[PDB]
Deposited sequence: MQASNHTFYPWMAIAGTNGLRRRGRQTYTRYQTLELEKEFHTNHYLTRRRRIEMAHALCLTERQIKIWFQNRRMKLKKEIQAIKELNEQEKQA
């Protein structure tokens, strides 16, 4: 009717490693983006997108307090 009317889950291991890096540094360096991608079999975009989603999740965590 209207124009508006017209994904892979990560393993518990991939999420564990991605979380570990975020807990160390909330921001990803160019070198870490390539190191994480190779070790976890995810693309460089996937690691970047994850960090952006995790920062956005952290935003909603701090705001949830008040």
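Undergrad: List the gaps, meaning deposited-sequence segments with no CA coordinates, ordered along the sequence.
TA: Missing C-alpha atoms (numbering from 1) occur across the ranges 1-7, 14-24, 85-93.
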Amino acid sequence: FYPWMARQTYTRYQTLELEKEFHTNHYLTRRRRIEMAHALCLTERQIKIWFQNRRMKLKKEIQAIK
From here on, numbers count along this sequence of modelled residues.
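Undergrad: Take the C-alpha B-factors listed in the entry for 54-62 and for 9-17, compute each mean, and give the stretch with the larger one.
TA: Going by the record's values, the stretch with the higher mean is 54-62.
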